Amino acid sequence: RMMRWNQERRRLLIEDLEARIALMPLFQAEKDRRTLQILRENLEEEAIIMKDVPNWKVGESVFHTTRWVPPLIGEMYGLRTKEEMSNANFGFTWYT
Amino acid sequence: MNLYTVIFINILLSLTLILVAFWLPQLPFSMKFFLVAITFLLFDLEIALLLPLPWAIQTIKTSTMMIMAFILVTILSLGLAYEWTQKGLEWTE
Amino acid sequence: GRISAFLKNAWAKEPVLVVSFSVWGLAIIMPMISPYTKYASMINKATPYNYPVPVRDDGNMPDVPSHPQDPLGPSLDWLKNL
Amino acid sequence: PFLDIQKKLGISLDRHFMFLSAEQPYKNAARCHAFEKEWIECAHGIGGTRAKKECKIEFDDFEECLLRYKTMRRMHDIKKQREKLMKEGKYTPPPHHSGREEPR
Amino acid sequence: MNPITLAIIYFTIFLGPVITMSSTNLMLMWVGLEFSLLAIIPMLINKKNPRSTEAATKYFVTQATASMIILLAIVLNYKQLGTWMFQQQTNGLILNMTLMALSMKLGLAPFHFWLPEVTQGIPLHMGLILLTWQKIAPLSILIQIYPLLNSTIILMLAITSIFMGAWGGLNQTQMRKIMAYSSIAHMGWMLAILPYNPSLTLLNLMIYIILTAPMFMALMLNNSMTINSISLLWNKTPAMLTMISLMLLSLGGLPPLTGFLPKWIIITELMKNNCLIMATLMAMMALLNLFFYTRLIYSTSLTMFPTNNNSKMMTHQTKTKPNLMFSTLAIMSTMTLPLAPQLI
Amino acid sequence: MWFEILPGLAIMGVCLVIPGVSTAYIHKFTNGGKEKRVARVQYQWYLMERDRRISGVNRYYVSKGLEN
Amino acid sequence: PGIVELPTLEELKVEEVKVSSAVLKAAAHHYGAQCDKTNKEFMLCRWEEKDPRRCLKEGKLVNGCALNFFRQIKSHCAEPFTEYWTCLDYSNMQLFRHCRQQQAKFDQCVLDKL
Amino acid sequence: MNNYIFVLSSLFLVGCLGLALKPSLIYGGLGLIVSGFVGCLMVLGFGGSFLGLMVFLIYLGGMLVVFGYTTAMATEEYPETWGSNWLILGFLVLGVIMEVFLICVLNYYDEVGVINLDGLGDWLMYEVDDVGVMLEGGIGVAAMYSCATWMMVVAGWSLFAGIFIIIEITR
Amino acid sequence: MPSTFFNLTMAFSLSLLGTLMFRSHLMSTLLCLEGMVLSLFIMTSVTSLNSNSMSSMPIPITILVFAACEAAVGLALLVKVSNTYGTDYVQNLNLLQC
Amino acid sequence: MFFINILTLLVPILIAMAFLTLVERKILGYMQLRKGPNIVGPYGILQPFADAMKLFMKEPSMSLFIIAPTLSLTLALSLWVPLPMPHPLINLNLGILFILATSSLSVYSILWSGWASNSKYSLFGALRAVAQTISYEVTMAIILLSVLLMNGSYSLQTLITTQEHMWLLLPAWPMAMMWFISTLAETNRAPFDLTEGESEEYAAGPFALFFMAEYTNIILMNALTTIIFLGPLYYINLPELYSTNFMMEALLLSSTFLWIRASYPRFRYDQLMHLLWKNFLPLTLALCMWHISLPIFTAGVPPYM
């Protein structure tokens, strides 16, 4: 009976993962647009924040690549509040 | 935060109990023990090696996990049987 | 005869070891016997913990399907028929 | 290495995860996969002293991806200047940074 | 120590270095080092006497600190780059720490004040291994990483070993401690040549081994671990002298023997690389090693010391311990200078 | 006789039954009739933070439906 | 050393779905095939080019398709679909075991009408 | 609850410092247990649940237990307590003051290197698979059973030999 | 990360001092060794989980097992010493200097 | 809310531990043919509070003196947190490993008490009991490491959905015959209560704390059995029914402990360690290998969500 039940559990798992599969694309695009808006806002603010200083740049890619770069939560939520920074870091790690 | 709350609560409750307790009224060696502690270690280390099966099993190299498990268990049992035969589990001095 | 006598003795003197060794033998041996073993690897290969990135059609590959629900791909029906 | 018994037998026991971008179990790629994949490809076919000077444009970027000293400092200076401004009384953080927004 | 235990420990000792070398991962290297350490300690402490236990404590403590230091180095390299191996882009402090640790693990100076005590507490058939199958893996680690080392401190360490080992050997009578100091000096020579050409360290090590092992066989013979207990060799067994004298002069490095060749080609490399000053220091301070080898040659062969009567009761007996490889290595040490090019 | 232990058996029974139903009903009162979601992985946590962001109230016990 | 390009907040502003995870997880299966060409093409774009700032025009199409899908599901067979997600979201992990005989009904309705 | 990791780190520092300022072993073992606890909590805050619990289960339950066992059964805290603990306590205080002022000095010269204090909370997690299952250290530690088998067999041999070594020693 | 990491390295250095300087005992030294090992295991697991690397995680397990066995043999030696002298002091080991 | 739930989790369990002391006295009396307490109150429902007041009335290194009992009791109480009844207070993957850790720790208290008390007499029994506890916790852990392969996750919720159809005792009973015994050693209960059998330093208050934690651990190990090897009925509409059946089976096991304490003699230490090392460890290893092979020569390889 344990075997005949474990196999059914595997089937249910396949069902759930197929659902997740079908939904991944949408989520990927939402997440992409969201982080892009985030960076655009960081930039629109950085402009006025650090325009009054000498030989400073605007969105200066610290690399010499031209390759896209997964941004850090540090960069994204670095100007928002501890509330969001922690709801990001210690979210899954502090029991929901 | 939740476990912090629970643990602080438990500690403070115990300390309230003990403070109540305190306010309301007003050698040679035995080699066998060290050998046993050592066996306990050399088994906890096996446990650390052996716990991850519930995730090592869902992989594809069953012919590898099955084997390595059998290997660990059997060689540990061999060491155990040798310790026995050489009288590490007798307690008579 | 000596083997039989030794086991007829152990089966009253010290069975624990008999049970242990028999279990050990059964474990080492049955996997080589049973037919329902490979199915485990087949399953755990089927289980998609990740996304199946697709490909283009700049060639004449006829195996891969242009749609999920189409039949031209690798099937696993034996899973439910199990 | 020293004693190429492994290469002789055409096998591998440890050297298949000697670095970061090896084959991780469930395809979960690491942080600086691409930068490693470029550093190694530039440091292949050649040996040592060639790479220690003709791969810097491919290794400094990698070390940064891995540590991000320069990004840390960038953000640090930004926040220091912002704090000084909000002290002197010239800035006024808008909502999207100040505590709310209309998210997705 | 029953046979199963003996075999398993010998296996682990023969393994530790094999892994430490054949593995390209620093963690596996450190592992092999720990293997050697563990599997060896017992062979030191078998007699279970206080001296053996003390030596075991010293050995274990020092080598533990060393292994943990090397582990710190590896982990810092990980954080820095990501790879478990050393590259040409590691902050030199990590290399310097690795080198301090490898030294303390070998016996180099000034990390060397634990080798004589231990080698005096030990018997012969384990001091031999301690000196000739534990200084290999720690040297393979360097063979792998010689380019990017700190020649400055490497040379300071080597020459310091030369001086201190020689100055201690001038005095120590106990032949075990003498051999230990000789090991210190020769390993100093190696580390001195290392970052220029490693094959030469390989050669110096093999030669020091081929000279040491047979000496320790000749000692294991009688358990004569003192000058006034080895001088009686001309009355116990008058045959080993014609080879012991040669082997000790060799260890000294006299030209017509082979022990010279290493120092010779090493000086050659250091002159090509403009290190003639330290080369001169090494060459002018190996003479004290030569001295306190000559002073034992004297005691044994060139002059006969007072014997002890019961040696007659001994001579009435016989002895067939001294296997063939002893003589084989003695010869292939002393009389093989004509084959130096075929050695390089 | 043996029917004098019930005044301790039932006591322990009720005082071991209380925590379970307590937890259940309390989680339900908080999260609005539905039990407390769980996140063994980052997937479910992403779902929960998404629902939080779109709740319009910044709390995840709100399922919207099709009227958004 | 070098500027970075970025799009603008005022663009890439499409009206998202804003629907809940329970509903998405319930309707997924059908949306696995319906609206699959677009999603697969988008994932292919994202895996070929690592430039989200170049893989955007394939996201608005995705969301438009998903919305034109939920629109048909709103027109036909709405209540079976509402009771469904209200039955799912009750559980913790939102599994497809505690709702079987509330699922085949919705399925047969969706079929007999589509 | 942003200073979390820095606090746990300072406490591990202080535990190792109380072990380096060798006190009476009975009041050093507590420092060690605290050190292990706090280090595991740091690991957990980073996300290595399996590793932290493995520590709690093996280090403390396996090693510190036997350390205390052996110590008690084979040691006597002779009256070396000429206020040695009460002295090294003030010495520890002086050292911790030194360290506090040392960090308050460093933060001036180094700002985005050694430590970023104004934005300390940042720079713990750098990226993460938001939609990804199977990303916990359980998988890495399970590796040994499919790939990297050398680790498992080597540890097995280390124990297989440590048994013989210990027994042959004790006699 | 960098702050806690520098602090862990400091703790390693402190255990180093504890081992390289004595106070007339041996268990203190061995406990400082254990502290070293703990700091190292922690730094390694931190590096791994921060890089999101997985295949490199077996290393902490390996070195932890090896440190367990190492400290075990060290304790065995301490015990033999105490049982052949009368205590676990350090100044009793004045031998071997001859 | 959360404080309310923690109160619901802590107060009733202390109440139950007190009345469990009571139930022990009563059942032992009824098996020895006597009544038991029937006087202080109706059928003896006040003797526990009487004992509490008396103990706290009794007069008597402060560091160890306090941290030991406090530590033990806090561990015993925290052990309850992650349990499903049916939906838990704290859902933790690796919950049972957290359990094992927090159960093993109390050895530190047992050992500090001895190292404080200079009495060689005390260190004697302290070492003995510590060693037996250690050695039995080993198997207590291996049993789980050999069973949980049926649900490829160290969680404690998955147990329930697993046992939905069947229990976990019809298989694995070669283990339950052990997990129902080691629990009699870690608890230092009978027939392994020698730690309280051979006496030749616990004051009133700390004794009360030690005993509180002892009986708490009793209740908790029995609950763990009732959850692992005696799967209840998880019909999602009836968490009340789940909790109720769980209560029943926990009481049954907690009375089985007492059947035992009354009937059997005590084990001589050497015979006990022999029992373990030469009867349970070989069987345990072999059965673990058996349950490792089962999901390979059978399709029953379970999932990890």
# chains A, B, ... in the order shown; residues from 1 in each chain; ligands from 1
$ closest_atom_pairs --of "region 48-160 of chain H" --to "region 33-49 of chain I" --cutoff "9 Å" --atoms "only C-alpha atoms" --output "tab-separated table"
residue	atom	partner	partner_atom	distance
H:48	CA	I:49	CA	7.0
H:51	CA	I:45	CA	7.9
H:59	CA	I:38	CA	8.7
H:125	CA	I:49	CA	9.0
H:136	CA	I:49	CA	8.7
H:137	CA	I:49	CA	7.7
$ write_last_selection --atoms "N, CA and C atoms" --output "CSV table (one decimal), in the first residue's frame"
chain,number,residue,atom,x,y,z
H,48,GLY,N,21.0,28.5,5.5
H,48,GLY,CA,21.5,27.1,5.5
H,48,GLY,C,20.8,26.3,6.6
H,51,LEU,N,22.3,23.0,7.4
H,51,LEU,CA,23.6,23.1,8.0
H,51,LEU,C,23.5,23.5,9.4
H,59,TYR,N,27.8,19.0,16.4
H,59,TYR,CA,28.8,19.7,17.2
H,59,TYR,C,28.5,19.7,18.7
H,125,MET,N,22.2,39.0,1.1
H,125,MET,CA,21.8,38.2,0.0
H,125,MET,C,21.9,39.0,-1.3
H,136,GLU,N,18.1,24.5,-1.7
H,136,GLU,CA,18.5,24.4,-0.3
H,136,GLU,C,19.7,23.5,-0.1
H,137,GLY,N,20.6,23.8,0.9
H,137,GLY,CA,21.8,23.1,1.1
H,137,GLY,C,21.7,21.6,1.2
$ residues_around --residues "residue 31 (chain F)" --least-positions-apart "3" --cutoff "6 Å" --atoms "only C-alpha atoms" --output "VMD selection string"
chain F and resid 28 34 61
$ write_last_selection --atoms "N, CA, C and O atoms" --output "PDB file, in the first residue's frame"
ATOM      1  N   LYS F  28      -7.300  30.580  11.557  1.00  0.00           N
ATOM      2  CA  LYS F  28      -8.414  30.835  10.652  1.00  0.00           C
ATOM      3  C   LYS F  28      -9.018  32.212  10.894  1.00  0.00           C
ATOM      4  O   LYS F  28      -9.296  32.948   9.941  1.00  0.00           O
ATOM      5  N   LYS F  34      -9.591  30.821   5.819  1.00  0.00           N
ATOM      6  CA  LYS F  34      -8.660  29.891   5.207  1.00  0.00           C
ATOM      7  C   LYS F  34      -7.414  29.773   6.069  1.00  0.00           C
ATOM      8  O   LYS F  34      -6.972  30.738   6.698  1.00  0.00           O
ATOM      9  N   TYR F  61      -4.282  37.548   3.009  1.00  0.00           N
ATOM     10  CA  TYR F  61      -5.436  36.681   3.199  1.00  0.00           C
ATOM     11  C   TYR F  61      -6.608  37.067   2.313  1.00  0.00           C
ATOM     12  O   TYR F  61      -7.731  36.614   2.560  1.00  0.00           O
TER      13      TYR F  61
END
$ residues_around --residues "residue 35 (chain D)" --least-positions-apart "6" --cutoff "10 Å" --atoms "only C-alpha atoms" --output "list in words"
residues 65 of chain A; 21, 41, 58, 59, 60, 61, 62, 63, 64, 65 and 66 of chain D
$ interface_residues --of "chain C" --to "chain D" --cutoff "10 Å" --atoms "only C-alpha atoms" --output "PDB file with C-alpha atoms, in the first residue's frame"
ATOM      1  CA  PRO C  48      10.300  18.450 -14.091  1.00  0.00           C
ATOM      2  CA  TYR C  49      11.734  20.536 -11.268  1.00  0.00           C
ATOM      3  CA  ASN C  50      12.790  23.110 -13.905  1.00  0.00           C
TER       4      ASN C  50
END
$ interface_residues --of "chain B" --to "chain I" --cutoff "9 Å" --atoms "only C-alpha atoms" --output "PDB file with N, CA and C atoms, in the first residue's frame"
ATOM      1  N   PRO B  28      39.274   8.524  39.864  1.00  0.00           N
ATOM      2  CA  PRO B  28      40.071   7.874  38.815  1.00  0.00           C
ATOM      3  C   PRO B  28      39.351   7.772  37.480  1.00  0.00           C
ATOM      4  N   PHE B  29      39.977   7.090  36.527  1.00  0.00           N
ATOM      5  CA  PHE B  29      39.461   6.952  35.174  1.00  0.00           C
ATOM      6  C   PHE B  29      38.856   5.570  34.957  1.00  0.00           C
ATOM      7  N   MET B  31      38.520   3.718  31.344  1.00  0.00           N
ATOM      8  CA  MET B  31      38.722   3.764  29.900  1.00  0.00           C
ATOM      9  C   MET B  31      37.438   3.468  29.131  1.00  0.00           C
ATOM     10  N   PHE B  34      35.349   6.654  28.131  1.00  0.00           N
ATOM     11  CA  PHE B  34      35.918   7.378  27.002  1.00  0.00           C
ATOM     12  C   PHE B  34      35.706   6.611  25.704  1.00  0.00           C
ATOM     13  N   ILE B  38      33.633   7.904  22.431  1.00  0.00           N
ATOM     14  CA  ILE B  38      34.236   7.892  21.105  1.00  0.00           C
ATOM     15  C   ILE B  38      33.340   7.163  20.113  1.00  0.00           C
ATOM     16  N   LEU B  41      30.651   9.562  19.107  1.00  0.00           N
ATOM     17  CA  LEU B  41      31.118  10.467  18.060  1.00  0.00           C
ATOM     18  C   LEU B  41      31.107   9.769  16.709  1.00  0.00           C
ATOM     19  N   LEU B  42      31.927   8.731  16.575  1.00  0.00           N
ATOM     20  CA  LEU B  42      32.090   8.059  15.297  1.00  0.00           C
ATOM     21  C   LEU B  42      30.777   7.522  14.751  1.00  0.00           C
ATOM     22  N   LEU B  45      28.931  11.152  13.413  1.00  0.00           N
ATOM     23  CA  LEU B  45      29.501  11.560  12.135  1.00  0.00           C
ATOM     24  C   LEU B  45      28.882  10.762  10.993  1.00  0.00           C
ATOM     25  N   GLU B  46      28.700   9.457  11.196  1.00  0.00           N
ATOM     26  CA  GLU B  46      27.946   8.662  10.235  1.00  0.00           C
ATOM     27  C   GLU B  46      26.553   9.241  10.027  1.00  0.00           C
ATOM     28  N   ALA B  48      25.575  12.353  10.343  1.00  0.00           N
ATOM     29  CA  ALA B  48      25.694  13.547   9.516  1.00  0.00           C
ATOM     30  C   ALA B  48      25.879  13.174   8.056  1.00  0.00           C
ATOM     31  N   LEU B  49      26.667  12.133   7.793  1.00  0.00           N
ATOM     32  CA  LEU B  49      26.848  11.683   6.418  1.00  0.00           C
ATOM     33  C   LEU B  49      25.565  11.107   5.836  1.00  0.00           C
TER      34      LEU B  49
END
$ atom_distance --atom1 "CA of residue 96 (chain A)" --atom2 "CA of residue 87 (chain J)"
14.7 Å
$ closest_residue --among "E:170, E:162, E:131, E:149" --to "residue 284 (chain E)" --atoms "only C-alpha atoms"
E:162
